[PDB]
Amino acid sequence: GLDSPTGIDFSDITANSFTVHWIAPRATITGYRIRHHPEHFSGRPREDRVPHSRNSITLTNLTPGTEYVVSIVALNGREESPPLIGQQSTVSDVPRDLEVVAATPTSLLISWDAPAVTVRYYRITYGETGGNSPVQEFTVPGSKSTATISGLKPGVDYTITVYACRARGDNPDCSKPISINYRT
């Protein structure tokens, strides 16, 4: 059988990419086949054919906060090696630890922790839990991870959600949201 590559390693990890490295087998090879998929995904992995002279690839268009399974197979014409497998997560872009830090009868001060990415702005939404009531939205600058919500009703359950939004492409790229409930 054809010996596998060895020494899988990862570098330059971001929310949407990372670089994968490996060491060629002590064998004749004609190329590599690299596959990657989010863990537990039941469908087809993404695939790249890499030249035999190469020992790394940067994988892009990845989803934040996700562990990927990466498989590298050496090829020698018809033959394939068993795969060299590694698991690496991308950085999460989702805020953490959303909480109400203070309350008055009609206002809530909320606070959270920034994700480890460059946030352009946060979007805050809030509405009465279970109300036919309008959901309301506003933003805060990405440099600040607190907000004050005003104009609320006392004695009412509210759902409050925060998104971290980055501004890189055709649309802002906003994280999955984090939510809490709080009764004024």
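Each residue number is its position in the shown sequence, starting from 1.
Peer 1: Can you tell me which stretch has the higher mean Cα B-factor, 36-44 or 119-127?
Peer 2: If you average the C-alpha B-factors of 119-127 and of 36-44, the larger mean comes out for 36-44.
Peer 1: Going by the average Cα B-factor in the PDB entry, point out whether 130-138 or 46-54 comes out higher.
Peer 2: For C-alpha atoms only, the mean B-factor is higher in 130-138.
Peer 1: According to the deposited entry, which of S11, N16, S175, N171 has the largest Cα B-factor?
Peer 2: Each of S11, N16, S175, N171 was compared by C-alpha B-factor; the highest is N171.
Peer 1: Sorting the chain's modelled residues by C-alpha B-factor, tell me whether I29 ends up in the lowest, middle or highest third.
Peer 2: Lowest third - that is where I29 ends up once the chain's C-alpha B-factors are sorted.
Peer 1: Is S150 in the lowest, middle or highest third of its chain when residues are ranked by C-alpha B-factor?
Peer 2: Highest third of the chain for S150's C-alpha B-factor.
Peer 1: Ranking the modelled residues of this chain by C-alpha B-factor as given in the entry, is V100 in the lowest, middle or highest third?
Peer 2: It falls in the middle third of the chain.
Peer 1: Based on the entry's values, in what third of the chain does the Cα temperature factor of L59 lie: lowest, middle or highest?
Peer 2: Middle third, going by the recorded CA B-factors of the chain.
Peer 1: Tell me, lowest, middle or highest third: where does the Cα B factor of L108 rank within its chain?
Peer 2: It belongs to the highest third of the chain when residues are ordered by C-alpha B-factor.
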